[PDB]
């Protein structure tokens, strides 16, 4: 059984590498019933709701139009959870389209796939920009 | 063999492991001519 | 079965009210082999390690010396997760001993007790300030 | 059916669950612990 | 037509239940061109002009930072008023962020919205404490 | 020299001033502030320990303001907040202290709902009057 | 007789010449009782 | 023949008195080919265009929702113009719905109606809030 | 007939370019019986008497002693008026002798010349600073 | 018909109106006086 | 199909005509996700922050306050970029607010609109006052 | 250790550095920066008093580079500004000074358009190169 | 006799405390033929005139409708004047009815009572806001 | 002679006068109305 | 030498008399390196940090506008402490600007000045309210 | 790795935590916090109606705290504010609620004066302890 | 008394030597009544506010942050003036922070300091970048 | 022997002038076995490893490729040290490629050359940005 | 003896040293490389 801390660190490295190297394959990280929210607003001004399902996750990611996003990961904290899952808490800065970096707080929940050993998928993805709620 | 999603072992690394190069030069070839000069 | 959002909101209300009123009773939220990460810097200016078990969580909470610790819950996200758990991300301001309000993020993973329905316990608690990361 | 704003009947009542307990606390134990003192 | 007393009691119970539980959706009680004045918040803290509209009311309520806002309603007086509306004067104790009981007086003017029968919205919402004015 | 009609806050402040000055001077004339279907309650207690109910008519109101000696009453208004409401009317929230026949200064909470008379412009009458002492509630 | 629009002479002034009064009191009646007192 | 300064001062006072008292009668000031713009923004950050004709002027005035507007006329400058017309330059403060006063710049162009002596109508009305363009 | 907006924007460009370059030639814009009100304070302080005719307008313009008058045209409105004339309201910033930019309003009434088509002269010019009014 | 942005053919040229004159200046006099020096 | 040189000359003429005549209409040249960079003062005058989108481009152009922005185009070089777009490099003298000629170099990348044939939009707009960097 | 493929500004800066270092050291090797249908002008001037035309193609782009006698070229870049463009391209704007064969510092204006090679990721080739001396234009 | 500064400070304390508590008793500070101006705006917009005598002063004070008049005395200057009187200049902030604090200046001239020793009456009271003049 | 800071003995006592009256108020009357009610 | 109880009572009397009478002279009670921490009041509002030195103490006292501060001392406890100093704990009711009686607790640490016998100065001054804490 | 001496605020907070935990658990051992010349009052009330007096030594403090019969005390500290004072000492201001013998929560007001012991560095003892319930003072 | 031309040439050499080498000691050239105007920067650099006194002049020089200022003095004109002072008008090229040669014109008024013979101080220092006004 | 402050000032001027003008010639300042630490985050935020020798220093400088670096030297301290060398601490702002100015500190240790008098070489150069460590 | 401000005779000249060289540059190489180029 791998260390949850190293599992979370490796997952964060791979996820934020793929977020800019090829954002259109970010949906491959998620499973059949996975929650995803990436810190957006709307007309009412309230934070955007999450989406569920790989397809809706892919649609939302494509709508988010990530172009060469640079992320500075300032803190990663990974710990054990239900069904040998891993909960990851990420503090960092993300800048999209080479604009100003924005502080962000993120929570990942990765569950084992079940068949392939040492394999995980993103069950939950919660991303929020600090400047949108504070 | 720690993998995430359906990505195979080292697929993301392989895809994202490519240095910035210009023209047909191999990486680190251009600065070699400069290093030839003192 | 109650809404994940309802469960998260009610838990956040109860937790951050009990933290202000009776910090010594905060250990009853957690169960066996539950993770508690709330902390600041280590002896070498590093984020602290996790604390496991109800007794040790109580010991750590008492160390934090929470004096009239209020709260300013700017945002709460609650999503259903594996094993019917609820993952809550709480972002806001926390002031302890009436000092300046410091921005904070906190990830809760609430597992469902198998005995009684509509019963949860904090399987994971990961608190982290901002001034200490950026 | 007296309802207010855009809330449907019983929406506010549905917004709360009295059977929801966390940890070893019996229902209403936290409320009793804090509101009383 | 429902008795003015009955609609006042209904509204007071629902409004403070929502205030204690989910302050982030208090704006749904109000409509367009509805006025909401709540205490004071300024550089000096005493003058806070009223806000109008659901979106501005939601902004103001988000500023009020209601967290576990407990309320003990000592008295409610509901009377019939123009356009078959009701006027409610409520007196009680309010505690936000787990402070002590502060005596408060609120005046609501609720108006029917026309289409749906027995449906009201908060046209006017005036809040005051006894610490601000003797 | 614009002839701007007064703001709701100015209307409420002026009405509170006139109402309480009249109450101090001529309580019997106070009934002229109310209309046919006006509601009025002024800090009463029944033989139950509960707050008293309200009368709904200038006549019942006159009987109420008459029953209430209201003789030589000193009032100190600490807060007035007025806003616009349904049908051009004005809702006023009044916080103050009152004393009738020179007892102690009792804190009171009041809510006024004034409505335009209609036939005459810039004229209002007290449609609703809710008054409660803090002693009989808290 | 300077007028604007189709408004008649002094129409706007009359439409706007009405003091603030409460109840059935004529303007300046309420303060008269106070002025009776010293 | 009356003084253009007197005509401008009387028109300004009458126009703002009527705007405060009965804003739904403001269209009576204007004529067949009158132009009316009252300083709005529309979906691009660019000032709103003017409207022409008495009916369109009335519709725009009603849409503008003038509720108990208070004005402080700080400067009026009236001068003669073609066909004995009057051009009026107005500097002032206007507050709608008893909110904060906003500095405004206005230009009126009044023309003789032709048959009735000393009778004018608003051929042009340009109104702009300073805070919307500066 | 050229668009009133085009006429106004072209006239504003020409006028505020000639003001900076050759203010001695500004009098050629006006004709006989033309009002010029550009001014500041006097013994009374608030009003400035208008000057009529090309000679008086040139005398007054030379009196203002324009020196590298820089202009920042924030907004310009141009509408048709009597006798196919154009009424222009110009709002912006003016800086004389490289001093601090001051907010200004200027009302132009351009009357068409009856002899030559596409020809206008400034029948009315009313300039007014803001800092001197508020 | 080469067009740019959302402008139609001749829309930008329609904003020039070089035959417009103000005051007693002949066409081009103002720019001639200013741009030259 | 049209000569890149012909497209470049057409665009340079139209763009620098519209810059002098109607600066507020420059945003129509650009489209969504297009980049405009033109000096500007974040605080010191050197920080040049790129803006994207028609609305942000409009705001940046308005902040520059181009007034009688004259330009003498000394040289234009037009070539064919990818996806059948064009690249224009223009060298010339620019004078804003009737100041002296300043040497400037601008680089436009124009992309075909796609639907209408022979239609282009400014995808990239990099402006530089040569004197600023030399 | 997020890989984080370089931003357009970093790509442009690195390309300018490599291009001008190669031009100083081995100008004959500079032709490898361009593709089959690359456009290239470098401060030309025909016998008419006008700037020279363009060259489209790698082989004769090399001939044009050879024709200019590039020997011991000293260049000082004073400004580089790069941005993203069509087909994940990079448009670079360069302000600088150049001297070939040790004449004076001639101030120059340059525009680069680089496009992905496609076969290999993170690889670019100079699709467009526009170079003009200011004296020959102003 | 006491120090002029002592007299001024004591009078300022008593006056601005009685103004908050019992404004109806404020008339007892003044005697006959005592000047009291407290205004700034009237029907014509000119500064308010003066009311002389205890009765008129009481009538005016009552009109001002003082309601919980809070004060913040930034500075008090007290100097001896002719006939052993005291001249006090009071600069500070004044809020009526818990509204925004407005800057104010007030000149008091206190005349000694001939009969009783250590007794003064307000011979002159001159109040002026700042926002109503500047 | 217990003193505090740079205060001479009796300076604070001399800082105020208890027989200073304004208007027709008797000594201490203003305090009496404005102390508590 | 003097009883600590006598010293504490004498202090309390003088300090609160001067607070009621001449708040501008409170800084004379303290010396250099002395500390004055009052109740939470600042731009943020809660974290009112301590200030040191006579001049900073005077600034803080002036900021905390003291106008007719009525104080009812319910209890005073004076005890001997290091350097033959005294410690005074005072409980009572404070009313500033004529608000209501607010429960307050103050802690003074007074040290002998050394030069003059029976002379003390406020070395430490900690003020706290009941409402802002309980 | 710096060995910084704790700030007065940290010292006061830690002392309050230790003091009240010991009072809850082992009140007999509470006397070890005080020194020879230590003053101590804890919410006293003599048979007159006035607050009690102070003991001035370790053994009298011991006897007194046994006299108060602290058994299973629950304390909720709402405020602690510590500052430096004479001789490197710390003055602590404590606001809270206390209950002895499972009684109601009583608001208490407390001032501590801790002084360095002198022999061992970073060691303090309670020189002064003033504690009063607000029920007996208000 | 020496030749004013010699005094001017000596001062110009010393001043533009000390400006190049040690800008932080430029304030020693001025007295207490000296005036120093140089450039200007409020929002875009147009308002040139003169500063007076050695300390304010040093603040201004330090704000300008002269770093390796190279000066080519094309011309110097020195003349005698009141009270046997000197007036120097210098024309040249200035480059600060290694920018290009910018044409500049400076006017110094030097006054004898009285006590020490043949000693002067810069009473007036007016600097102007020619390009910024032309 | 020159003053250490004089040596430090002259060296700072020459070094930063050469850095702006000809950064490729910066290697001539250093000798053999000289330390060069200028840099930022290498791979994981670690401090940049020092490069020793003229060849490595030149390679590292060319790697940083300062295209046009403008420096605002806020302060320079120069003190004597071992072997008559000079230690300089330079604090200021640095902006590469006309980007935003960033605060920086730089420690130079200049060692004298035993061959030629008044000759120094940069034995140590330690550059550090502020935003990268704070 | 003509001086300005508060500087002595030749104080400014003493503030500048022409013999101060850094690295391999001759006394004036940096200035020659910077100006007139």
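The letters A, B, C, D, E, F, G, H, I, J, K, L, M, N, O, P, Q, R and S name the chains in turn, as written, and every chain counts its residues from 1.
Quick note on the criterion: a residue touches a chain if its C-beta (ideal position, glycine included) is under 8 Å from a C-beta of that chain, and two chains touch if they have at least 3 such contacts.
Participant: Half is the threshold here, strictly exceeded: which of A-C, C-O or Q-R has more than half of its contact pairs identical to M-O by residue number?
Facilitator: Q-R
Participant: Between F-H and M-N, name the chain pair that shares the greater number of C-beta pairs in contact.
Facilitator: Ranking F-H and M-N by C-beta contacts puts M-N first.
Participant: Using mean CA coordinates as chain centres, what's the gap between chain I and chain K in Å?
Facilitator: From the centre of chain I to the centre of chain K is 31 Å.
Participant: In angstrom, rounded to a whole number, how far apart do the mean CA points of chain E and chain H lie?
Facilitator: Each chain reduced to its C-alpha mean, chain E and chain H end up 38 Å apart.
Participant: What is the distance, in whole Å, between the centres of chain B and chain H, each centre taken as the mean of its C-alpha atoms?
Facilitator: Chain B and chain H have C-alpha centres separated by 68 Å.
Participant: Among the residues of chain R, which ones contact at least 2 other chains?
Facilitator: 10, 17, 21-22, 62, 68, 70, 98
Participant: Residues of chain D that touch two or more other chains: which are they?
Facilitator: 15-16, 34, 37
Participant: Spell out the part of chain E that touches chain C in their complex, as residue ranges.
Facilitator: Interface residues on the chain E side: 21-22, 65, 67-68, 97-98.
Participant: Residues of chain A touching chain E in their complex?
Facilitator: 44-46
Participant: Could you list, by residue number, the parts of chain H that touch chain I in their complex?
Facilitator: Counting only chain H, the residues touching chain I are 33, 35, 37, 47, 50, 74-75, 77, 79-83, 85, 87, 89, 91, 93, 103, 105, 107, 109, 111, 123-124, 126, 128, 130, 133-134.
Participant: Which of the residues in chain L come into contact with chain B in the complex?
Facilitator: Counting only chain L, the residues touching chain B are 3, 5-6, 10-11, 14-15, 18-19, 21-22, 25-26, 29, 32-34, 114, 120-126.
Participant: How about chain N: which of its residues touch chain M in the complex?
Facilitator: Contacts found on chain N: 15-17, 19-25, 30, 33-34, 37.
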